[PDB]
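Trainee: Be aware that the sequence shown starts at 49, since it is given in our numbering, and climbs by one per residue. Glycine included, each C-beta is placed from N, C-alpha and C at the ideal position. One structure, as structure tokens, below. Some questions next.
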Amino acid sequence: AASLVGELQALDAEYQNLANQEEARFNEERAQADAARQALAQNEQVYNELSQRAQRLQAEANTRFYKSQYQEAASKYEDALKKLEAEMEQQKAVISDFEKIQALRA
């Protein structure tokens, strides 16, 4: 009777806190996806421009005086583009995960 009322009061405090924390967690995931969106868009621009650069370096190398350096530059750009591609893949995974969870809750 009296201890039941106390148990219900404690359950209510636990529930209200849990609800606030779950909500705050969702908002944090949203802010993380929003950031990833911005960074991803900036990255796509860089990737496209640099891919064009690396491709030109490669295509031009055989007919340049500094052939060896053009080849090396193209190769180092290709390595960096692979790293940039992995960064963008992880950014899309963050955005993707948030859209899915956003659907489930809905």
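1. So the candidates are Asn91, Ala102 and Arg73; which of them puts its Cα closest to the Cα of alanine 134?
2. Look up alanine 49 in the DSSP assignment and say whether it is helix, strand or coil.
3. Please classify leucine 105 as buried or exposed, where buried requires at least 16 other C-beta atoms within 10 Å of its C-beta.
4. Rounded to the nearest angstrom, how far is the Cβ of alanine 87 from that of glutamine 139, given a contact under 8 Å?
5. Indicate whether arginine 101 and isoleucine 143 have their beta-carbon atoms separated by less than 8 Å.
6. What separation, rounded to the nearest whole angstrom, lies between the Cα atoms of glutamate 120 and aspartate 145?
7. With DSSP run on the structure shown, which of helix, strand or coil describes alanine 154?
Mentor: Let me lay it out:
1. Position 86 of the sequence shown, counted from the start, is the residue given in the question as residue 134. Here the closest residue by C-alpha is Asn91.
2. Taking the sequence shown and counting its residues from 1, one reaches residue 49 at position 1. Of the three classes helix, strand and coil, the one that applies to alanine 49 here is coil, per DSSP.
3. Translated into the one-based positions of the sequence shown, residue 105 becomes position 57. By the 10 Å Cβ count, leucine 105 comes out buried.
4. In the sequence shown, counting from the first residue as 1, residue 87 sits at position 39. In the sequence shown, counting from the first residue as 1, residue 139 sits at position 91. Contact flag correct, Cβ pair sits at about 6 Å.
5. Within the sequence shown, residue 101 is the residue found at index 53, counting from 1. Within the sequence shown, residue 143 is the residue found at index 95, counting from 1. No; because the gap between Cβ atoms is not below 8 Å, this pair is not in contact.
6. Mapped onto the sequence shown, residue 120 falls at position 72. Mapped onto the sequence shown, residue 145 falls at position 97. About 38 Å.
7. Residue numbering aside, residue 154 sits at position 106 when the sequence shown is read from its first letter. Three-state result, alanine 154: coil.
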